[PDB]
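Positions 179 to 268, 274 to 637, 650 to 688 (PDB author numbering) are the ones given, in order, by the sequence shown.
Every residue, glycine too, gets a C-beta built ideally from N, C-alpha and C.
See below for the structure under consideration.
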Amino acid sequence: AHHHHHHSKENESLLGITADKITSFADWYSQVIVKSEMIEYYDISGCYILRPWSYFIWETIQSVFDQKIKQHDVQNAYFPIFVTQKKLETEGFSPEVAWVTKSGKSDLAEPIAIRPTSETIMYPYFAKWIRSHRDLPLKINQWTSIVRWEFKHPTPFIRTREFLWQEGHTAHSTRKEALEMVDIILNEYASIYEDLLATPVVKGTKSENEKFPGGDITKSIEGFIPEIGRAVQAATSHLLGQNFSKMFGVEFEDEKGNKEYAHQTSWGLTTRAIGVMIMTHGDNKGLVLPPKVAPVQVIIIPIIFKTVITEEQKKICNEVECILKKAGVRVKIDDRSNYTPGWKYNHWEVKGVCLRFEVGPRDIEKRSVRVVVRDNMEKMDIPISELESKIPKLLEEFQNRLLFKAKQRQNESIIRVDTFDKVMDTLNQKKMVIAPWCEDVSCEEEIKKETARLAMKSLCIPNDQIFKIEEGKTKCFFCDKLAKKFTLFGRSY
Ligand SMILES: Nc1ncnc2c1ncn2[C@@H]1O[C@H](COP(=O)(O)OP(=O)(O)NP(=O)(O)O)[C@@H](O)[C@H]1O
Ligand SMILES: O=C(C[C@H]1NCCC[C@@H]1O)Cn1cnc2cc(Br)c(Cl)cc2c1=O
Ligand SMILES: [Mg+2]
Ligand SMILES: [Zn+2]
């Protein structure tokens, strides 16, 4: 679905994308993020430079999500990047901890860990701040970078040794209020991917074998990349319960005067969202960005070459730019006489600009503009007097079309299998499995073991159970136990 629309002579250049998205996905992903000036590879493995074209999308994700959690009285703070070994020791993987072992030429007697997550940093101070039920709920969030020495092969955005993320940590007086906070954040995470990034995700609950061992319930949104047949956890929201409050002493005096441990939640979203969004919408021409996160929604390209644009040509472009600026549209004019219009067309197509305006003599004469849509090569002529109304509608239609097309690609990637004899062939088709499952830890341990023999794991137990179980008859697709619900399975990042 990547190489359907018309490619121009400049799209077939080396300044375009030469690797096919389906048959050469890894090379396609690298060319798309590099040639669009999103990412620069760094001489330290697993780290990638976030150029402004990609960092804008994170700033938009950060701006939109920060306003969302402020609706629930979540306050932003910043805790140090460092944490002692004693606090950190008591998905914690010791080989992932980046340790500062020297300052200058002086060795540290006790090395200091770089923050892989802030439970150890923050919770000793949650216990210090929380003495009464009146002090609850406490809701803290921080935007910061995280360093984890990932053992698996790094992927830009998806899995980086340094990534930018948001981590919210809340404490409540009741488990019910905490679980409501877990579901609230999960819906906002799903909104970030679907409403902002036009990326479909599946809301659900992690299995006992796949949940965060430090919490009671781990809910998540699962994404999927069909071109490689691997799911990707889009975000996560944990019902920590009292596991962390018991071990850090975060207790409060409830009403009537009894000491009770706090009911905590924690949730996180990283720059991985950008990578999942890129892989979802990008085609063989390069980036395809949702209008809500595209750094430039409209590029105005006057038909000029070598010489300077005429005075009436610059006046029309400024008028169109003024109309689009007043309408809240992010718009820029590319009046570089240095490049042919075809060069600019491919240049802003690789960068994923939603709409391009071609302004030539015929457009000046009619007081109209030639609009070319990025993702489907749709062409139309809009009068200048209609731009204020039509362009916000086109970007709105653009956003809906990306989510709708990405949705039907995800729905066709979910295959129902009721017996294990059809699971392996479904996985080999680069697709997920929705199967009747008993949800036992022992069952998933053998599911991972048997599928690794030809590994498949539970992605999430979806909140929306589209299929029904026979009360007392529907057995697990793998073992002899009765199936509880249907669970989404597949290989993941
Ligand atoms: N190295 C990474 N780079 C970018 N995003 C990441 C990375 N690791 C995790 N994430 C994302 O951040 C979210 C919250 O972090 P976390 O729950 O600690 O992931 P995780 O438990 O390490 N899962 P995983 O590392 O894939 O086994 C995850 O749901 C991922 O979507
Ligand atoms: O980090 C987590 C759980 C939650 N903490 C912050 C909010 C979002 C996030 O899902 C799971 N995790 C993952 N990787 C880790 C790596 C190391 Br090293 C350590 Cl010490 C700890 C962890 C660790 O705790
Ligand atoms: Mg990890
Ligand atoms: Zn089973």
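The Cβ-Cβ distance between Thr382 and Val459 falls below 8 Å. With contacts defined by Cβ atoms closer than 8 Å, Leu452 and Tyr372 form a contacting pair. Sequence-distant partners of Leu369 (beyond 5 residues in either direction) whose C-beta falls short of 8 Å from its own C-beta, in its chain, are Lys386, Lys402, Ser403, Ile404, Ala418, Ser420, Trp450.
If the five residues before and after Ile567 are omitted, its C-beta is found closer than 6 Å to the C-beta atoms of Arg550, all from its own chain and listed in chain order. Taking the Cα positions, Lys663 is about 16 Å away from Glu622. No heavy atom of ligand 3 is found nearer than 7 Å to the CB of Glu532. Per DSSP, the beta-bridge partners of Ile404 are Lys386, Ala418. Relative to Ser356, the option among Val330, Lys335, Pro337, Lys322 whose CA is nearest is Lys322. Of all alpha-carbon atoms in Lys497, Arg539, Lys576, the one lying nearest the alpha-carbon of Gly511 is that of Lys576. Of all C-beta pairs linking the stretch 515-534 to the stretch 477-488, three or more are shorter than 8 Å, placing the two stretches in contact. At least one heavy atom of ligand 3 lies closer than 7 Å to the C-beta of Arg331. The stretch 211-228 and the stretch 327-345 touch, with no fewer than 3 CB-CB distances between them shorter than 8 Å.
Sixteen is the threshold: since fewer than 16 other Cβ atoms of the shown chains lie within 10 Å of the Cβ of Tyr220, the residue is exposed.
By the C-beta density criterion, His352 is buried, having at least 16 other C-beta atoms within 10 angstroms. Pairing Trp206 with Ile411, the inter-Cα distance amounts to about 12 Å.
Listed in chain order, the non-local C-beta contacts of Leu585 below 6 Å within the same chain comprise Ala381, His464, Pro473, local neighbours out to five positions each way being set aside. For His181, the three-state secondary structure derived from DSSP is coil. Looking at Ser328, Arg455, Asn392, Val242, the one whose alpha-carbon comes closest to that of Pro337 is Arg455. Fewer than three beta-carbon pairs drawn from the stretch 607-614 and the stretch 653-660 are found closer than 8 Å, and the two stretches are therefore not classed as touching. Taken in chain order, the complete beta strand (DSSP E) segments of 3 residues or longer contained in the stretch 601-635 are 615-620. Just measuring C-alpha positions, the residue of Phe334, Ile367, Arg686, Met430 sitting nearest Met305 is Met430. For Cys626, the Cβ falls inside the 7 Å cut-off from some heavy atom of ligand 4.
Given a length threshold of 4 residues, each whole run of the alpha helix (DSSP H) inside the stretch 468-540 is given here in chain order: 494-509, 524-533.
Not one heavy atom of ligand 4 is found less than 7 Å from the C-beta of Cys225. Residues of the same chain with a CB within less than 6 Å of the CB of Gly432, apart from the 5 flanking positions on each side, are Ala310 in chain order.
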